[PDB]
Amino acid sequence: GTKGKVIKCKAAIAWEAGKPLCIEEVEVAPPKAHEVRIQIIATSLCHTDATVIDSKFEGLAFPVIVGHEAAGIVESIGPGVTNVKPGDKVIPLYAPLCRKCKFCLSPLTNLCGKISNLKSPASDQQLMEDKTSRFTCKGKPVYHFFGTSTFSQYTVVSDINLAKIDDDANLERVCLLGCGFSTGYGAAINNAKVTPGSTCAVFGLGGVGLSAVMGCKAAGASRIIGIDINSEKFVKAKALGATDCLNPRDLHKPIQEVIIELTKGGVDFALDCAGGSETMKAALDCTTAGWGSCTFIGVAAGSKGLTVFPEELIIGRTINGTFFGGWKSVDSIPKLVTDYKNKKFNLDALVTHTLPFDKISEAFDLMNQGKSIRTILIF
């Protein structure tokens, strides 16, 4: 039995910013009060994992185990835990649900007051609630990431940072609900609030963006324009519901102007699922006057964001954003697992590669080289 014992296992550690991850042996401490130790079965790479370890990102403590998109099995539970037991299938959640704070009590948001670093949510939850870490490597502490740290074979999370899911769930596919799918799909349905018959633009056709295409389609959009600088993403996008696909590099005319001409005035809903100043600007610019909606999802390390003028809003734009697709994490994720079982949406289309966890650096290369959508890493 490993219950109550330190577990020695493999993890991918970022020792410092701007360097590749290193496979190391780590010690994972037993869970304390209101914590759960999880054996990670499958985990995938989100662009956020790469962003936060970039030298241009500020506020992350090193050394760190990143990873936030996974599915696993409960190995053990700490004192006071009643929501899961050993053997349960679970999805670790970076978006907590304490159920008691003013944000958790509101139907208007899926934010939780546990996240106090509002200027940079991705740099919060590097320590457990008692302000210590459950990871050790080479006699020193290793920080958590986003309350999840799924690039370790065993991780420890708070009991409000996981969802118990169906016992028959495919752990090699539902891990995608841990961030990318849920974010894109939910951004369209919950944050953007895409309406039947509307026109949509989705910038960036990766894991999040393809999921936003699926979300727009489920919401009843009549036209869905996919935008990517990689035209190889277009066949998948059209298969998942994109009616049009455009590469900004194909014309000297700025993409927002191409979109405005094509739609005769702009789209109803734009979603930026790529990130950075240029995509933010194009996403806002391509929306119709009167009632145009622009939803920000993507982020870029060292970006200076977007300069906005009041006239751009005065003509009738709304700007908003998403955190984990607007889903109340602990309640919604098990329902999304059931939806997937019932074939409500196509998760398998997101998976382009499957590797052993040892080849985690290849997953980074595939992503940075634009060759993958989601790579599933198997421990």
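All residue numbers refer to positions in the sequence shown, first residue = 1.
Of the two segments examined, 113-121 and 151-159, it is 113-121 that shows the higher average Cα temperature factor in the deposited entry.
Legend: mean Cα B-factor per stretch from the PDB entry, 341-349 versus 33-41; the higher mean is in 341-349. Per the deposited record, the Cα B-factor of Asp88 falls in the middle third when ranked against the other modelled residues of its chain.
Ranked against the other modelled residues of its chain, the C-alpha B-factor of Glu69 as given in the entry falls in the highest third. Placement of the Cα temperature factor of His144 within the chain: lowest third of the modelled residues, per the deposited record.
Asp54 sits in the lowest third of its chain by CA B factor, as recorded in the PDB entry. For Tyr94, the recorded CA B-factor ranks within the lowest third of the chain. Only modelled residues enter the ranking.
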